[PDB]
Structure formats: structure tokens, C-alpha cells
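Undergrad: Got a structure for you, written out below as C-alpha cells; questions coming shortly.
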Amino acid sequence: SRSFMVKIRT
Amino acid sequence: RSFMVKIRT
Amino acid sequence: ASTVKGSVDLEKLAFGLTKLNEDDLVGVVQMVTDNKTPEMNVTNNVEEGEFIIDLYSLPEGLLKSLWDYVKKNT
Amino acid sequence: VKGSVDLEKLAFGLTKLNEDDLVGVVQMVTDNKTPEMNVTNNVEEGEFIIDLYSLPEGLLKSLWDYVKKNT
């Protein structure tokens, strides 16, 4: 359904 | 000069 | 519609995550990981140094706690 | 980054350890404590607080190896 992807990187 | 990590139960 | 859940602006939360100091960013990873439920989509690629999260998969209470933490530490 | 170890990657990796495997990190750091290391074990509070920059390079490498092996 709804999604909000966040890629937290070093 | 620091990188503090807190490991907690 | 995908940018707000439980009255938490997820894009604002994501922008705030970028401003955290590196040791306070680890605290966000800890808060997510310590409260993980199966419905949460969380991937920690350890050797690559990337923590991938679907913010819409997180429960409203955890999103509110993450947003409070991000405001407190930026 | 200190030595060959990315401290942020090490910290991210520490978060992925299971609770029983975290005990091995506390053991490894405590067993290798030097004065220059900033390490606090608040036992009654269940907190183990470390400055990763204060750790010697050999210990950081063994910690990183442990984290890769147990995640």
C-alpha cells in the first residue's frame, strides 16, 4: 500500500 | 574527538 | 498520502534524520531496532553501512517517539 | 573512522546484535580496558557507554570482526 522508504547511510 | 555509543538493556 | 502517518510528517522526519550528529543517528537506529515489530520493514546492511526503513511501516507511537527524538537532537 | 574500522558502521552493526551477543561486546571491551578508553558500566541502570574513538585500533578491529560474525 503506502510506503515511505528512507535509506540512512554511513 | 568523541563517538559515544550507549548500549542499554 | 504516503508522506504522513498518524499525523507525523514522514518527509519532515526523514529530513531531520539527516541533520542528526553521527552518534545521535545511531540512537535512532537503536530506537527503531529495539522496538521492532514484524510489520516494520527494517534492513540493516552491516558491512555496507546502510539502514533502510519504510517509515510508513512503523507504528504511530514509534514514529512520534522518533520525531520527538529528532527534534530534541537537531 | 579509526584504524581500519569505520566507527559509524561498527556502531550500526552493534545495534543489530542480539541481546545475548551484546554481552560478548561488553566482555571484549571490559577485558581489554586501558586508561585511555572511555568505558562506563552503569550496572544497576543496565547501560554500557563507550567512546569508540577512545578505543585502540586492535580492539576496534576485533569488535568489528565480532559484529560481522554475529549479525
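Chain identifiers are assigned as A, B, and so on, following the order in which chains appear in the C-alpha cells; residues are numbered from 1 within each chain, and ligands are numbered from 1 in order of appearance.
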Using only C-alpha atoms, determine which residues of chain D fall within 9 Å of chain A; present them as an NGL selection string.
TA: :D and (6 or 8-9 or 12)
Undergrad: Got a sec to pull out which chain C residues are within 9 Å of chain A, counting only C-alpha atoms, and send them as a VMD selection string?
TA: chain C and resid 1 to 3 10 to 11 14 17 to 18 22 25 29 48 to 57
Undergrad: Measuring atom to atom with only C-alpha atoms, identify which of D:1, D:39, D:11, D:23 is nearest to chain C.
TA: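 Checking each of D:1, D:39, D:11, D:23 against chain C, counting only C-alpha atoms, the winner is D:11.
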Undergrad: Within 12 Å of chain D, which residues of chain C come that close, and what is the closest atom pair and distance in Å for each? Count only C-alpha atoms and give it as CSV.
TA:
```
residue,atom,partner,partner_atom,distance
C:21,CA,D:8,CA,10.8
C:22,CA,D:8,CA,7.0
C:23,CA,D:8,CA,7.8
C:24,CA,D:8,CA,10.7
C:25,CA,D:12,CA,9.2
C:26,CA,D:12,CA,6.3
C:27,CA,D:15,CA,9.1
C:28,CA,D:12,CA,10.1
C:29,CA,D:15,CA,7.0
C:30,CA,D:15,CA,5.8
C:31,CA,D:15,CA,9.4
C:32,CA,D:15,CA,9.6
C:33,CA,D:15,CA,7.0
C:34,CA,D:15,CA,8.4
C:35,CA,D:15,CA,11.8
C:36,CA,D:16,CA,11.1
C:42,CA,D:16,CA,10.8
C:43,CA,D:16,CA,9.7
C:44,CA,D:16,CA,7.1
C:45,CA,D:13,CA,8.3
C:46,CA,D:13,CA,5.2
C:47,CA,D:9,CA,7.1
C:48,CA,D:9,CA,7.7
C:49,CA,D:9,CA,5.0
C:50,CA,D:9,CA,8.2
C:51,CA,D:12,CA,7.9
C:52,CA,D:12,CA,11.6
```
Undergrad: For the residues in that selection, give me N, CA, C and O atoms as a tab-separated table (two decimals), in the first residue's frame.
TA:
```
chain	number	residue	atom	x	y	z
C	21	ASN	N	23.71	14.45	14.38
C	21	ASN	CA	25.10	14.03	14.52
C	21	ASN	C	25.19	12.51	14.45
C	21	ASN	O	24.23	11.79	14.74
C	22	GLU	N	26.37	12.02	14.05
C	22	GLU	CA	26.55	10.60	13.76
C	22	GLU	C	26.28	9.73	14.99
C	22	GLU	O	25.69	8.65	14.86
C	23	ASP	N	26.65	10.20	16.18
C	23	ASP	CA	26.35	9.41	17.37
C	23	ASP	C	24.88	9.50	17.75
C	23	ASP	O	24.33	8.54	18.31
C	24	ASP	N	24.20	10.60	17.43
C	24	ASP	CA	22.77	10.65	17.68
C	24	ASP	C	21.98	9.89	16.62
C	24	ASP	O	20.87	9.42	16.91
C	25	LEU	N	22.52	9.75	15.41
C	25	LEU	CA	21.89	8.92	14.40
C	25	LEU	C	21.88	7.45	14.81
C	25	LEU	O	20.90	6.73	14.55
C	26	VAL	N	22.95	6.99	15.48
C	26	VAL	CA	22.97	5.62	16.00
C	26	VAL	C	21.84	5.41	17.01
C	26	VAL	O	21.20	4.36	17.03
C	27	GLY	N	21.54	6.44	17.81
C	27	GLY	CA	20.42	6.36	18.73
C	27	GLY	C	19.07	6.17	18.05
C	27	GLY	O	18.19	5.52	18.61
C	28	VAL	N	18.90	6.72	16.84
C	28	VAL	CA	17.68	6.47	16.08
C	28	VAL	C	17.63	5.02	15.63
C	28	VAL	O	16.58	4.36	15.73
C	29	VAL	N	18.76	4.50	15.14
C	29	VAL	CA	18.84	3.10	14.73
C	29	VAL	C	18.53	2.20	15.90
C	29	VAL	O	17.79	1.21	15.78
C	30	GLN	N	19.03	2.56	17.09
C	30	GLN	CA	18.74	1.80	18.29
C	30	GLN	C	17.26	1.84	18.65
C	30	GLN	O	16.68	0.81	18.99
C	31	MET	N	16.63	3.02	18.58
C	31	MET	CA	15.22	3.14	18.94
C	31	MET	C	14.35	2.32	18.00
C	31	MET	O	13.38	1.69	18.43
C	32	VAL	N	14.69	2.31	16.71
C	32	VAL	CA	13.92	1.53	15.74
C	32	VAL	C	14.13	0.05	16.00
C	32	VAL	O	13.16	-0.72	16.10
C	33	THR	N	15.39	-0.37	16.13
C	33	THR	CA	15.72	-1.78	16.28
C	33	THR	C	15.19	-2.34	17.60
C	33	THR	O	14.67	-3.46	17.63
C	34	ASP	N	15.25	-1.56	18.68
C	34	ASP	CA	14.80	-2.05	19.98
C	34	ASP	C	13.29	-2.18	20.06
C	34	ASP	O	12.79	-2.92	20.91
C	35	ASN	N	12.56	-1.48	19.19
C	35	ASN	CA	11.11	-1.51	19.20
C	35	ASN	C	10.54	-2.24	17.99
C	35	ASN	O	9.38	-2.04	17.63
C	36	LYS	N	11.35	-3.09	17.35
C	36	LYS	CA	10.94	-3.64	16.07
C	36	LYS	C	9.83	-4.66	16.25
C	36	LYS	O	9.89	-5.52	17.14
C	42	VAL	N	12.53	-3.08	8.15
C	42	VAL	CA	13.81	-2.54	8.59
C	42	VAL	C	14.91	-3.46	8.10
C	42	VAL	O	14.85	-4.68	8.33
C	43	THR	N	15.91	-2.91	7.42
C	43	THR	CA	17.05	-3.67	6.92
C	43	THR	C	18.33	-2.98	7.38
C	43	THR	O	18.52	-1.80	7.11
C	44	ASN	N	19.20	-3.73	8.06
C	44	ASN	CA	20.50	-3.21	8.49
C	44	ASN	C	21.56	-3.98	7.72
C	44	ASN	O	21.88	-5.12	8.08
C	45	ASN	N	22.12	-3.37	6.68
C	45	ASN	CA	23.18	-3.99	5.90
C	45	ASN	C	24.50	-3.58	6.53
C	45	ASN	O	25.02	-2.50	6.25
C	46	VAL	N	25.04	-4.46	7.38
C	46	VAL	CA	26.06	-4.07	8.35
C	46	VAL	C	27.36	-3.71	7.65
C	46	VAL	O	27.95	-2.65	7.90
C	47	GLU	N	27.82	-4.57	6.74
C	47	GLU	CA	29.07	-4.31	6.04
C	47	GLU	C	28.97	-3.13	5.08
C	47	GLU	O	29.99	-2.51	4.77
C	48	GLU	N	27.76	-2.79	4.64
C	48	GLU	CA	27.57	-1.66	3.74
C	48	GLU	C	27.30	-0.35	4.47
C	48	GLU	O	27.44	0.72	3.87
C	49	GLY	N	26.94	-0.41	5.75
C	49	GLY	CA	26.66	0.80	6.50
C	49	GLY	C	25.39	1.51	6.07
C	49	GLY	O	25.36	2.74	6.00
C	50	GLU	N	24.34	0.76	5.78
C	50	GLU	CA	23.07	1.36	5.41
C	50	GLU	C	21.95	0.71	6.20
C	50	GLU	O	21.92	-0.50	6.40
C	51	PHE	N	21.05	1.56	6.68
C	51	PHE	CA	19.91	1.19	7.50
C	51	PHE	C	18.70	1.68	6.73
C	51	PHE	O	18.49	2.89	6.59
C	52	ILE	N	17.91	0.75	6.21
C	52	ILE	CA	16.83	1.06	5.29
C	52	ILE	C	15.52	0.81	6.00
C	52	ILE	O	15.30	-0.27	6.55
```
Undergrad: As JSON, numbers by chain, please: all residues of chain D that backbone DSSP puts in helix (DSSP H, G or I).
TA: {"D": [7, 8, 9, 10, 11, 12, 13, 14, 15, 16, 19, 20, 21, 22, 23, 24, 25, 26, 27, 28, 29, 30, 31, 52, 53, 54, 57, 58, 59, 60, 61, 62, 63, 64, 65, 66, 67, 68, 69, 70]}
Undergrad: Give me the chain D side of the contact with chain B, cut-off 6 Å, one line per residue showing its nearest atom pair and distance in Å at one decimal, counting only C-alpha atoms, sorted by chain and residue number, as JSON lines.
TA:
```
{"residue": "D:46", "atom": "CA", "partner": "B:9", "partner_atom": "CA", "distance": 5.2}
{"residue": "D:47", "atom": "CA", "partner": "B:8", "partner_atom": "CA", "distance": 4.5}
{"residue": "D:48", "atom": "CA", "partner": "B:7", "partner_atom": "CA", "distance": 5.0}
{"residue": "D:49", "atom": "CA", "partner": "B:6", "partner_atom": "CA", "distance": 4.4}
{"residue": "D:50", "atom": "CA", "partner": "B:5", "partner_atom": "CA", "distance": 5.4}
{"residue": "D:51", "atom": "CA", "partner": "B:4", "partner_atom": "CA", "distance": 4.5}
{"residue": "D:52", "atom": "CA", "partner": "B:3", "partner_atom": "CA", "distance": 5.4}
{"residue": "D:53", "atom": "CA", "partner": "B:2", "partner_atom": "CA", "distance": 5.5}
```
